[PDB]
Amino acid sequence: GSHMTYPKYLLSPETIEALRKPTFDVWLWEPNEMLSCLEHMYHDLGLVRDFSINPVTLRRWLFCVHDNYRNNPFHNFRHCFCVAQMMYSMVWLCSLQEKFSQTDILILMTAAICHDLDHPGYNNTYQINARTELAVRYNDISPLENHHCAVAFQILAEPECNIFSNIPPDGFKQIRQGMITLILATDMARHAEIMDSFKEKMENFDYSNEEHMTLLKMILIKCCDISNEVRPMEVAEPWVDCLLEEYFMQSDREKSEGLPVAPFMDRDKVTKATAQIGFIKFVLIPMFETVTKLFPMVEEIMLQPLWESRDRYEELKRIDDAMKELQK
């Protein structure tokens, strides 16, 4: 209810407020507006203050990070914005500022923003099978994750972008180690491994234990990385069509190149509904269930929309199956 019209880059008090909740419509904003949101997060979380980040260097770094993201259907800058915004949402919801140090908060946020830098739009499975430069460079060990990670520190290496320029070397080393651990923890090949490791520490969780906290941070970045279905139905749905577009781009290339095609990327096998029912039930729900053990507030805010979505895709599945029989 402002007295005058302000530019799009000058976020309204309403936008600033809405940004703290996972209900935030990530689709309503252009890159420059999304960049202003990310900037606000760093200031609001006290990261600019506590780490003596130069405000112009923060903006310069964010702009560079944006430039280093590719125009892929799913693995684009908007995805990186979701992950970071969900991380920001979880810092407030779970009251992470109480349990975690500002260094940990800086790690969680910086890694969330950087996690998919210069993604080619073709998964590790393609990279390895196609014997790409990345696969040969990283010896088939999480090539993409290692690359996003490498690109992240290559950006921060540039003086005009170094947001950690005023952080002592000992501090920088800690942030670097943490960010690396987190960005590499995003590889879905390690999901089962990371989940089992966290569930083991769950038996008697200790916030004063470094090993426990590292696994929690890993689980948190993983939560934000795949958190699309947690968001309202209208916000969550367009992302599934985005992922399918990127997956079909790969499966077509894999078919053309004579390489094996993943069934969940296969045009004649994958369904928007069937893929989501499985992902929500067996990947999304169990992961958020263990987070709820530490943070009960996650159930009402994040498990409830996941249950709602599972039930909807199950309803949609019945319609698709009926329609596909007529097409046969």
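We number the residues from 1 along the sequence you see. Here the rigid core means the biggest group of C-alpha atoms that line up within 1.5 Å when the two forms are laid on top of each other.
Taking 42-50 and 269-277 in turn, the stretch whose Cα atoms are more displaced from the shown form in 8 other deposited structures of this protein following rigid core superposition is 269-277. Rigid core superposition in 8 other deposited structures of this protein puts the Cα atoms of one stretch, out of 253-261 and 110-118, farther from the shown form on average, and that stretch is 253-261. For the segment pair 226-234 and 179-187, the entry gives 226-234 the higher mean B-factor, averaged over Cα atoms. In this entry, 7-15 shows the higher mean Cα temperature factor of the pair 7-15 and 309-317.
When the C-alpha B-factors of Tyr207, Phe164, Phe153, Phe81 are ranked from the entry, the top spot goes to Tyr207. Within the listed group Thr57, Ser52, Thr290, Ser36, the record reports its top CA B-factor for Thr290. Per the deposited record, the Cα B-factor of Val91 falls in the middle third when ranked against the other modelled residues of its chain. In the deposited entry, the Cα temperature factor of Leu45 sits in the bottom third of values across the chain's modelled residues. Per the PDB record, residue ranking by Cα B-factor puts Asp116 in the lowest third of the chain. Placement of the Cα temperature factor of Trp29 within the chain: highest third of the modelled residues, per the deposited record. Among the modelled residues of its chain, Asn68 has a C-alpha B-factor that falls in the lowest third, as given in the PDB entry.
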